[PDB]
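Read the structure below first, then the notes.
Sequence lines set the chain letters: A, B, ... in the order given, protein chains first and strands last, and positions in each chain run from 1. Basis for what follows: all heavy atoms, side chains included, without hydrogens, waters or symmetry-related copies.
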Amino acid sequence: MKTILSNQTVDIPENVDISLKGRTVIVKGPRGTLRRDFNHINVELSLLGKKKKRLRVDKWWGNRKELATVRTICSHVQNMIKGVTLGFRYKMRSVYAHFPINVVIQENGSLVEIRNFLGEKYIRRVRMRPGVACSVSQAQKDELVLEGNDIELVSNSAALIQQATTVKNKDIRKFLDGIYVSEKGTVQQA
RNA sequence: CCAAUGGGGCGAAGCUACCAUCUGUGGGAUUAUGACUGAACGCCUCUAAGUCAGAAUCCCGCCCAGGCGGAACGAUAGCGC
Ligand SMILES: [Mg+2]
Ligand SMILES: [Mg+2]
Ligand SMILES: [Mg+2]
Ligand SMILES: [Mg+2]
Ligand SMILES: [Mg+2]
Ligand SMILES: [Mg+2]
């Protein structure tokens, strides 16, 4: 079955300016700008109102798979609003039974060195995605804080570190060592 | 000198032996898999749209040949313009 119309709307905070170049969404906020291209989805984007702006997503004559893309766009656009206003802050804890995991931040938070992971002599060097900054946590021991405006870049950056410290040829239910994503917050709490 | 290389010792050059010696190499997309964001299904979800890492595999490189396939350049005798 094709549905005549399926739509959803997004509310834009006053401090965020959204402009459309076709299906390219440009969100400008206090923390910067994010541009995402949605040309791989056949939807219709509309900006409504002037005082309280809104973004509308329309899908005319959509089957089940095409209808599922309508909310996906809204959620991405909301994350972009969240990124440019509050930012994204993933925290990671390093877990170890015997060998402390030493983390050194280089290149202004764009490179992470991991040493002595399960006692390995090999040094792991993880490169953060552009626009993502890693830093050791002054508040807690054995913790990292990744910050950025793009949720996917920040969360991909953290996945790289988490998968860098993988245990091999052991029972990973026993050998639990590794750095893991422990919290998903925002840079500015508001 | 002859004995169809008379026999035997040592033996140049050449050839030749893991029986001596030397040299044997880099990327790309990715598989399995593990994940990101994320609906579908207000939650969840590696998947649906989008995204990441990924290998004796695969393709290429390096290497071997070099097409009824080209190229630049030289010189061109009764011959070119
Ligand atoms: Mg064992
Ligand atoms: Mg005789
Ligand atoms: Mg001899
Ligand atoms: Mg590769
Ligand atoms: Mg996959
Ligand atoms: Mg890849």
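In terms of modelled atom types and a separation under 3.5 Å, the side chain of A:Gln162 and the main chain of A:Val181 share a donor-acceptor contact.
In this entry the base of B:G42 is syn relative to its sugar, with a glycosidic angle within 90° of 0. Nucleotide B:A56 is shown with a syn base, its glycosidic torsion being within 90° of 0. Anti is the glycosidic conformation of B:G66, whose angle departs from 0 by more than 90°.
Counting to the nearest Å, the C1' atom of B:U51 and the CE atom of A:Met128 are 16 Å from each other. Here the P atom of nucleotide B:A53 and the NZ atom of A:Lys168 are 16 Å apart, to the nearest Å. Atom CG in A:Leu160 sits about 12 Å away from atom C1' in B:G54, given to the nearest Å. Distance CG (A:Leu67) to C1' (B:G42): 16 Å, rounded to an integer number of Å. B:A40 atom P lies 13 Å from atom CD1 of A:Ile73, rounded to whole Å. In this structure, A:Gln78 atom CD and B:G42 atom P are separated by 15 Å, rounded to whole Å. Going from atom CD1 of A:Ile172 over to atom P of B:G34 covers 10 Å, rounded to whole Å. Computed from coordinates, the A:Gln163 CD to B:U51 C1' distance equals 13 Å when rounded to whole Å.
Both conditions, centre separation below 5.5 angstrom and plane angle below 30 degrees, hold for the six-membered rings of B:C44 and B:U45. The six-membered rings of B:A20 and B:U21 are stacked: centre distance under 5.5 angstrom, interplanar angle under 30 degrees. The six-membered rings of B:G66 and B:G67 are unstacked by the 5.5 Å centre and 30° plane criterion.
Nearest-nucleotide mapping onto RNA chain B: of A:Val70 and A:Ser155, the residue sitting toward the 5' end is A:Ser155.
Counted within 6.0 Å of NE2 on A:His98, heavy atoms from surrounding residues, nucleotides or ligands total 12 or fewer; the atom is thus considered open. Summarising the local packing, CG of A:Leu5 is surrounded by more than 12 heavy atoms from other residues, nucleotides or ligands at distances under 6.0 Å. Within 6.0 Å of NZ in A:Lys53 there are more than 12 heavy atoms belonging to other residues, nucleotides or ligands. Heavy-atom contacts from other residues, nucleotides or ligands closer than 6.0 Å to CD1 of A:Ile172 number 12 or fewer.
Judged by the 3.5 Å cutoff on both pairing distances, B:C52 and B:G34 qualify as a Watson-Crick or G-U wobble pair. Taken together, B:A35 and B:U51 qualify as a Watson-Crick or G-U wobble pair under the 3.5 Å criterion applied to both distances.
The separation of B:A53 from B:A32, taken at their P atoms, amounts to 16 Å, rounded to a whole angstrom. Spacing of P atoms, B:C73 relative to B:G69, comes out at 24 Å, to the nearest Å. Spacing between B:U45 and B:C62 at atom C1', rounded to whole Å, works out to 46 Å. With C1' as the reference atom, B:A48 and B:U37 are 13 Å apart, rounded to whole Å. Nucleotides B:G38 and B:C46 have their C1' atoms positioned 10 Å apart, rounded to a whole Å. Here, B:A49 and B:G26 have their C1' atoms 36 Å apart, quoted to the whole Å. Going from the P atom of B:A39 to that of B:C60 covers 43 Å, rounded to whole Å. Nucleotides B:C68 and B:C64 have their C1' atoms positioned 24 Å apart, rounded to a whole Å.
When the pucker is read from the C1'-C2'-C3'-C4' torsion, the sugar belonging to B:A4 turns out south, on the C2'-endo side. Using the sign of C1'-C2'-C3'-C4' as the criterion, B:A65 is classed as a north pucker. Here B:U25 has a south sugar; its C1'-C2'-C3'-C4' angle has a minus sign. Pucker check on B:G61: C1'-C2'-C3'-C4' positive, sugar north. From the dihedral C1'-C2'-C3'-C4', which is negative here, one reads the pucker of B:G66 as south, toward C2'-endo.
Counting any heavy atom pair closer than 4.0 Å across all strands shown, A:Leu153 reaches no nucleic acid atom. Counting non-hydrogen atoms under 4.0 angstrom, A:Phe88 reaches nothing in the nucleic acid. Backbone-only engagement by A:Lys184 is indicated by non-hydrogen atom pairs under 4.0 Å involving sugar-phosphate atoms exclusively.
Residue A:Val25 is grouped with residue A:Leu47 when hydrophobic side chains (ILVMFWY) are merged at heavy-atom distances under 4.5 angstrom, including chains of intermediate members. A single hydrophobic cluster is not seen to contain both A:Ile101 and A:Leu111; linkage of ILVMFWY side chains at heavy-atom distances under 4.5 Å, directly or through other members, places them apart.
Phosphate proximity of B:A35 to A:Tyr180: absent, as no side-chain N or O sits under 4.0 Å from OP1 or OP2. Residue A:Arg129 has no polar side-chain atom (N or O) positioned under 4.0 Å from OP1 or OP2 of B:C36. Note on A:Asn156: every side-chain N or O is 4.0 Å or more away from OP1 and OP2 of B:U37.
Distances were taken from every side-chain heavy atom of A:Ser75 (C-beta onward) to each of B:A53, B:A39, B:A35; the shortest belongs to B:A39.
B:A75 is unpaired under the criterion used here, namely a Watson-Crick or G-U wobble arrangement in which both key atom distances are under 3.5 Å. When both distances must be under 3.5 Å, the Watson-Crick or G-U wobble mate of B:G8 does not exist. Shown here, B:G26 forms a base pair with B:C60; the pair counts as Watson-Crick or G-U wobble because both key distances fall under 3.5 Å.
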Nucleotides 43-49 of chain B: protein proximity per nucleotide (B base, S sugar-phosphate only, - neither; heavy atom, under 4.0 Å): S----BB
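No donor-acceptor contact under 3.5 angstrom links the side chains of A:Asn116 and A:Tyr96, judged on distance only.
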Test salt bridge (charged side-chain N to carboxylate O under 4.0 Å, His left out) applied to A:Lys51 and A:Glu14, step by step: CA-CA 8 Å; A:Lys51 163 54 73 163; A:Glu14 290 66 1; over 6 Å; no
Could you pull out every donor-acceptor pair under 3.5 Å between side chains of residues 68-82 of chain A and any protein atom, sequence neighbours left out?
from	atom 1	to	atom 2	distance (Å)
A:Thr69	OG1	A:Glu66	O	2.6
A:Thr72	OG1	A:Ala68	O	3.3
A:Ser75	OG	A:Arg71	O	3.0

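When all heavy atoms of A:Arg56 and A:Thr9 are compared, the pair lying nearest together is CG-OG1, 3.9 Å.
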